[PDB]
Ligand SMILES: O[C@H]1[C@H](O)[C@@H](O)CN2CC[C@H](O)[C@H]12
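Let's start with one chain on its own, the form deposited without the ligand, as structure tokens.
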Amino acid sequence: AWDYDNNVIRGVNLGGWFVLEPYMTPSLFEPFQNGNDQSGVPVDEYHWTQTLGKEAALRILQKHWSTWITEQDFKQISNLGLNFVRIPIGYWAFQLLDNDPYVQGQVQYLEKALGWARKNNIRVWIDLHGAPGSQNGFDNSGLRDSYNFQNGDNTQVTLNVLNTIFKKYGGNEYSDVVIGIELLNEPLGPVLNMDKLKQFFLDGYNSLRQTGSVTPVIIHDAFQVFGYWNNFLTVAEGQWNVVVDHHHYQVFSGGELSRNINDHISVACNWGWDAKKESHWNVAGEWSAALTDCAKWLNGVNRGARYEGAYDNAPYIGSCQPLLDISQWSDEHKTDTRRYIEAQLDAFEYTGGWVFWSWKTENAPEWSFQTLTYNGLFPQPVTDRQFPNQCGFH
């Protein structure tokens, strides 16, 4: 349903939909704030659902699931020239651990979304974004600050969930829509046993193929250096239809944030040069326009921004207040953003393509494809360049 050699992915993530992220939909978390005190705000979907209880969580989530993304968004995605969406989903949509607080019902909307994709000629990756015990301790896995995916039977439960995803979405029914099943979003390589992670990836690969599926297996790079996965799941070993998903951002450390705009662009270009050298098809599955970590709660509930020296011992660069609203951005910040977007687009189109994180946010402009497009900062059409050939690719 896709030619990874000849086609280029031009997509957006449908984040914040089936896995709640506080910075993307702060309105679902803000009611727990007491004045200026954020100490009682649930920090992730696990705690948000636990605090609300099953009945209220389901009522509120049904409303969210039914309105956050609808068929109209798919039409808009298509109309903007995009051809792909990545859909993050947590394990709890298919299976609950004993005592899990999560509620289910996401599958119904996922299936609606696959039909909306089909109708608008959009291809999809289904991405298992959160695994039992958490594979990275990020709030986007469902459970912040826990790293127990390789503990107990958590890996086996994840494989059982993947088997359900493989049987439902890796077969003939969605073969015209689903062009990749991503086994696990952002396993945090540095804190995990890499040998066991590779075994898990191999087990998922084999299990999928064993079902008769020919669907591409997407493996996230686990934050490893470029080329790390070159000798894994290779055609020489009869392993095929494998894609490496690289996520690229330059805002999650003081060092990255302090780069001037030219250096930010040089790093973006270098991502293109280095991805070209890899032996597997590869797609920039996540990236954004952000040059700051200012979006409220981006680093997590009750955590400030490194950009204004309020987190991770980073030095103050600038005030975030002025950057929270796109109408308050200076002409220079708008220009820098446009340059940054275009350099990333060129670098990612140099290989398999790109998937912006994310389609929409409630009020975080750097992370919203819609907002940037409407304010003229994201090229439209997407091939438009105000700053042509910043990288000089050959």
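Just count from 1 along the sequence shown to find any residue number.
There is also a form deposited with the ligand bound; it is not shown, and the following applies to it.
Not one of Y91, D153 and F201 is positioned with any heavy atom within 4.5 Å of the ligand in the bound PDB entry. Site annotation in the bound PDB entry: the residue of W357, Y46, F348, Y340 reaching within 4.5 Å of the ligand with a heavy atom is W357. Proximity to the ligand in the bound PDB entry, taken as a non-hydrogen atom within 4.5 angstroms, holds for one residue of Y249, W273, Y228, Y316, which is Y249.
Although the partner is absent here, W367 is a contact residue: one of its heavy atoms lies within 4.5 angstroms of the ligand in the bound PDB entry. Contact annotation: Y23 falls within 4.5 Å of the ligand in the bound PDB entry, judged by heavy atom distances. With a 4.5 Å cutoff on heavy atoms, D73 does not count as touching the ligand in the bound PDB entry; it lies far away.
The ligand is not drawn, but in the bound PDB entry it has a heavy atom within 4.5 Å of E186. Residues within 4.5 angstroms of the ligand in the bound PDB entry, judged by any non-hydrogen atom, belong to 249-257 and to none of the other stretches in 249-257, 118-126, 319-327, 104-112. Contacts of stretch 266-294 with the ligand in the bound PDB entry, defined by any heavy atom lying within 4.5 Å, are made by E286 alone.
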